[PDB]
Amino acid sequence: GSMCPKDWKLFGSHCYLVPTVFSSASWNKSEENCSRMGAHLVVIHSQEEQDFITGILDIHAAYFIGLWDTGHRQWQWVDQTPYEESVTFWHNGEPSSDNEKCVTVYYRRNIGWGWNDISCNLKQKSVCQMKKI
Amino acid sequence: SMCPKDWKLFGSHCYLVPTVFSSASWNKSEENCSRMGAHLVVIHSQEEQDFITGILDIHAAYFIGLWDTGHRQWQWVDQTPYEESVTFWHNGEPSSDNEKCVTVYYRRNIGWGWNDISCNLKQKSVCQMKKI
Ligand SMILES: O=P([O-])([O-])O[C@@H]1[C@H](O[C@H]2O[C@H](CO)[C@@H](O)[C@H](O)[C@@H]2O)[C@H](O)[C@@H](O)[C@H](O)[C@H]1O[C@H]1O[C@H](CO)[C@@H](O)[C@H](O)[C@@H]1O
Ligand SMILES: O=P([O-])([O-])O[C@H]1[C@H](O)[C@@H](O)[C@H](O)[C@@H](O)[C@H]1O[C@H]1O[C@H](CO)[C@@H](O)[C@H](O)[C@@H]1O
Ligand SMILES: [Ca+2]
Ligand SMILES: [Ca+2]
């Protein structure tokens, strides 16, 4: 049958969903909602994944991704796969603050999509991924 | 056939050195295997180590499905248990806390063994899947 659950979007080996009804939540609560679906906050390893994920988002909203600071700019993916500084999509001037331990993706007008470090406790939208069948 | 076209049978698994896909990072290599319904090789025996290395070029290094999730906390990409007593590290390996991804390569007059290297370095790779 289908490689993805109903209403999930296929790209590469993964299935993606923006949980629309789940209202804005903290990074921990967003990861927990992904987890309830057998998924994780998105783990963005490539330009192709950054482009696909941002293609299914609303340019007017900011979305938590599965990247967090375990120390002092020691970025870790929620699935613990390697973080590669050379393949990142930080907005200009980001990351900005050792007090901002979670990461969102949002659209800057006349620039495009990029990552921003933010307070883990701020409520944001999110995007989930899982392996396909 | 137990295995897809161009894949090689050993035990309950099919193995492939990807060709259309040139040298790549550990993450890109793992995604390339996953797109084929496969994963980077997970090595649970001497026989698997020998079969996998048997189908490689002694002049190249190949990513395997082993990486450090923290501080010498080695994990297989299929979540099967890491057993330090059934490993094939080269002498002096794993060498460095900043080398988080594992390659298998040939040392002249020694043979094949594992080396921790930087995850960002481009290497060849080997994929594994269950047979049909
Ligand atoms: O504009 P707000 O109030 O949302 O946030 C303030 C600005 O930072 C934001 O924008 C920059 C990009 O210009 C990002 O790097 C940053 O992550 C924020 O999204 C100001 O530029 C910044 O100097 C200021 O500190 C920041 O305040 C917010 O963040 C603080 C730390 O999380 C909170 O204590 C504060 O209440 C507020 O939420
Ligand atoms: O430039 P290289 O020789 O290919 O790699 C070196 C590496 O950058 C440096 O940090 C090491 O001190 C040096 O020995 C080289 O390391 C390679 O070889 C050792 C084994 O001899 C491996 O353990 C390393 O993972 C590198 O492959
Ligand atoms: Ca910031
Ligand atoms: Ca090494």
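Residues are labelled from 1 along each chain in written sequence order, independent of how the entry numbers them, and those without coordinates are excluded. Labels are handed out in written order, letters beginning with A for the chains and numbers beginning with 1 for the ligands. Side-chain measures here rest on the full set of heavy atoms in the structure, leaving out hydrogens and waters.

- As annotated in the PDB entry, chain B carries the name C-type lectin domain family 4, member b1 and is attributed to Mus musculus.
- Turning to chain B, the UniProt annotation filed under Subcellular location (unreviewed entry) states: "Cell membrane". UniProt positions are given in the numbering used here, feature names are shortened, and annotations may be inferred rather than shown by experiment.

- You'll find chain A entered in the PDB entry as C-type lectin domain family 4, member b1, with Mus musculus given as the organism.
- What UniProt records for chain A under Subcellular location (unreviewed entry) is the sentence "Cell membrane".

Focus on the site of ligand 2
Residues and elements named next belong to chain B.
In step 1: The local shell around ligand 2 consists of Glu93, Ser95, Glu99, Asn115, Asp116 and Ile117.
In step 2: By the criterion applied in these results, polar contacts are pairs of N or O atoms within 3.5 Å in which, for protein atoms, one can donate a hydrogen and the other can accept it, and in which residues neighboring in sequence qualify only through two side-chain atoms. One nitrogen or oxygen atom from the side chain of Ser95 is found 3.2 Å from an oxygen atom belonging to ligand 2.
In step 3: Between ligand 2 and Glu99 there is a distance of 2.7 Å, counted from an oxygen atom to a side-chain nitrogen or oxygen.
In step 4: Against a free-state accessible area of 550 Å², the protein chains account for coverage of 26% of ligand 2.
In step 5: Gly falls in the polar group here, along with every residue not listed as nonpolar (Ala, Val, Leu, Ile, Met, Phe, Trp, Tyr, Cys, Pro) or charged (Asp, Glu, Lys, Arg). Split by residue class, the shell around ligand 2 holds one nonpolar, two polar and three charged. Any residue with at least one heavy atom within 4 Å of a molecule or strand is counted as near it. Note on areas: Shrake-Rupley with a 1.4 Å probe; residue coverage comes only from the protein chains shown.

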